[PDB]
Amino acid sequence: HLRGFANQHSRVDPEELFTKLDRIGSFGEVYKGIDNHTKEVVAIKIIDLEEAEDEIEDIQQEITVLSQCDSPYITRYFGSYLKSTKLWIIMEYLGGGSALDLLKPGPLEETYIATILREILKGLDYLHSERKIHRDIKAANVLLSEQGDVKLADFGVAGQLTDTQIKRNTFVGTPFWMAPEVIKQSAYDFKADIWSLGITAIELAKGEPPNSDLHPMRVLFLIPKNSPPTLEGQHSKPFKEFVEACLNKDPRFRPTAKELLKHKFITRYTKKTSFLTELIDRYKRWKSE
């Protein structure tokens, strides 16, 4: 019956307040838009509540989580508008695209990789201090501004720990990146995101996560039973070590995000976030050629 759902949103016509511009591409379509009064560029996600009917609980969880976050490393939520069955969510616009998009032209140098990982770790450190678990860390959900600032995105399956619930047990995530304890529905916590981060670190170096040669349902079955993936090939030892630390089957051995920010791979290859604009420049040249 969605009692209390409409109460949380503004019931004014969003078409009167925003100008829906270019389409970009969970739950619905994203557009680069503009606030008609302040002239600020925003991202507008439009969800069809009839099409996404079975995911209403997840749509609500996303807005609740986004509203409770206040950090430069987490995509900002400006507000939401309800127009019949269409819900418009006004979000921070990140014009640099995703880390997955920036991988399309070719391989990423370790300086870029470690800088992106350091920014993801700040986001995770913030979420984990707020008792939140992202639960869907992957390069697709790592977004960049046009100045190179890195922000975590997509909180539809995010989890919240409280005193009644010290651990989560929900089977959520994208199979290749999912933690063995999440797949098994064991009581898990923040360490699930540290494993996803390790998969994402391999993804940033290879353009695809480990085990991309396997069917996703086979990877779900095998992840908890087999040895964890490793970073194979022409990569530095501190990078391979960073991946090994993240990818321990026993979550007790995975370091916290705070501990990972001091890792040799991070302190040795990181540079200013502003240097990530070189990846946006490379993408522009790549698409123009």
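Numbers for residues come from their place in the sequence shown, where the first is 1.
Engineer: If you average the CA temperature factors over each stretch, which comes out higher, 34-42 or 241-249?
Structural biologist: Averaging CA B-factors over each stretch, the winner is 34-42.
Engineer: Out of 216-224 and 232-240, which one has CA B-factors that are higher on average in the deposited record?
Structural biologist: Per the PDB entry, the higher value belongs to 232-240.
Engineer: Highest Cα B-factor in the deposition, which of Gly106, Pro180, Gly156, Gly173?
Structural biologist: Each of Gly106, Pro180, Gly156, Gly173 was compared by C-alpha B-factor; the highest is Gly106.
Engineer: Would you mind finding, among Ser196, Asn141, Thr162, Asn169, the residue with the largest C-alpha temperature factor in the entry?
Structural biologist: Among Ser196, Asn141, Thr162, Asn169, the PDB entry lists the largest C-alpha B-factor for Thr162.
Engineer: Mind checking which third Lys258 falls in for C-alpha B-factor across the chain?
Structural biologist: Middle third, going by the recorded CA B-factors of the chain.
Engineer: Taking the entry's C-alpha B-factors for this chain, is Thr200 in the lowest, middle or highest third?
Structural biologist: It belongs to the lowest third of the chain when residues are ordered by C-alpha B-factor.
Engineer: By the record's CA B-factor, is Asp189 among the lowest, middle or highest third of residues in the chain?
Structural biologist: For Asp189, the deposited C-alpha B-factor lands in the lowest third.
Engineer: Within this chain's modelled residues, let me know which third the CA B factor of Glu110 belongs to: lowest, middle or highest.
Structural biologist: Highest third.
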